[PDB]
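Colleague: Contents of entry_36.pdb (PDB, C-alpha atoms) are given next:
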```pdb
ATOM      1  CA  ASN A   1       5.549   2.789 149.495  1.00  0.00           C
ATOM      2  CA  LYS A   2       5.136   6.315 148.142  1.00  0.00           C
ATOM      3  CA  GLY A   3       2.325   8.678 148.845  1.00  0.00           C
ATOM      4  CA  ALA A   4       1.536  12.258 148.117  1.00  0.00           C
ATOM      5  CA  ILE A   5      -1.393  13.991 149.749  1.00  0.00           C
ATOM      6  CA  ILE A   6      -1.743  17.448 148.216  1.00  0.00           C
TER       7      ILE A   6
ATOM      8  CA  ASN B   1       2.229   0.790 146.599  1.00  0.00           C
ATOM      9  CA  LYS B   2       1.816   4.316 145.245  1.00  0.00           C
ATOM     10  CA  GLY B   3      -0.995   6.679 145.948  1.00  0.00           C
ATOM     11  CA  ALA B   4      -1.784  10.259 145.221  1.00  0.00           C
ATOM     12  CA  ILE B   5      -4.713  11.992 146.853  1.00  0.00           C
ATOM     13  CA  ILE B   6      -5.064  15.449 145.320  1.00  0.00           C
TER      14      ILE B   6
ATOM     15  CA  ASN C   1       8.869   4.788 152.391  1.00  0.00           C
ATOM     16  CA  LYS C   2       8.456   8.314 151.038  1.00  0.00           C
ATOM     17  CA  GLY C   3       5.645  10.677 151.741  1.00  0.00           C
ATOM     18  CA  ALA C   4       4.856  14.257 151.013  1.00  0.00           C
ATOM     19  CA  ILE C   5       1.927  15.990 152.645  1.00  0.00           C
ATOM     20  CA  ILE C   6       1.577  19.447 151.112  1.00  0.00           C
TER      21      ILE C   6
ATOM     22  CA  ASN D   1      11.998   5.178 136.413  1.00  0.00           C
ATOM     23  CA  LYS D   2      12.909   1.952 138.201  1.00  0.00           C
ATOM     24  CA  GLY D   3      14.990  -0.850 136.861  1.00  0.00           C
ATOM     25  CA  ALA D   4      16.468  -4.015 138.190  1.00  0.00           C
ATOM     26  CA  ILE D   5      18.962  -6.010 136.178  1.00  0.00           C
ATOM     27  CA  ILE D   6      19.683  -9.244 138.035  1.00  0.00           C
TER      28      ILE D   6
ATOM     29  CA  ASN E   1      15.318   7.177 139.309  1.00  0.00           C
ATOM     30  CA  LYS E   2      16.229   3.951 141.097  1.00  0.00           C
ATOM     31  CA  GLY E   3      18.310   1.149 139.757  1.00  0.00           C
ATOM     32  CA  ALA E   4      19.788  -2.016 141.086  1.00  0.00           C
ATOM     33  CA  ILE E   5      22.282  -4.011 139.074  1.00  0.00           C
ATOM     34  CA  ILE E   6      23.003  -7.245 140.931  1.00  0.00           C
TER      35      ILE E   6
ATOM     36  CA  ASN F   1      18.638   9.176 142.205  1.00  0.00           C
ATOM     37  CA  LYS F   2      19.549   5.950 143.993  1.00  0.00           C
ATOM     38  CA  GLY F   3      21.630   3.148 142.653  1.00  0.00           C
ATOM     39  CA  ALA F   4      23.108  -0.017 143.982  1.00  0.00           C
ATOM     40  CA  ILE F   5      25.602  -2.012 141.970  1.00  0.00           C
ATOM     41  CA  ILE F   6      26.323  -5.246 143.827  1.00  0.00           C
TER      42      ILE F   6
END
```
Rewrite the structure of this file - the entire thing - as structure tokens.

Modeller:
Amino acid sequence: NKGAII
Amino acid sequence: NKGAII
Amino acid sequence: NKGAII
Amino acid sequence: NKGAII
Amino acid sequence: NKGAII
Amino acid sequence: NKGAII
């Protein structure tokens, strides 16, 4: 899983 | 799964 | 798993 | 890019 | 980039 | 980059 919260 | 919350 | 919180 | 050669 | 050759 | 050759 990959996630970016920006 | 991939997710971006921007 | 990879995650970036920026 | 992601690749699987099997 | 990610690759698997199997 | 990540690679596995198996």

Colleague: Suppose you want the space between CA of residue 5 in chain D and CA of residue 3 in chain C; what is it in Å?

Modeller: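 Separation of CA of residue 5 in chain D and CA of residue 3 in chain C: 26.4 Å.
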
Colleague: Grab the CA of residue 1 in chain E to CA of residue 4 in chain B distance for me, in Å with one decimal place.

Modeller: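 Straight-line distance from CA of residue 1 in chain E to CA of residue 4 in chain B works out to 18.4 Å.
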
Colleague: Could you write out as JSON the box around chain A (axis-aligned, all atoms listed in the file, 3 Å on each side), with centre and edge lengths in Å to one decimal?

Modeller:
```
{"center_x": 1.9, "center_y": 10.1, "center_z": 148.9, "size_x": 13.3, "size_y": 20.7, "size_z": 7.6}
```
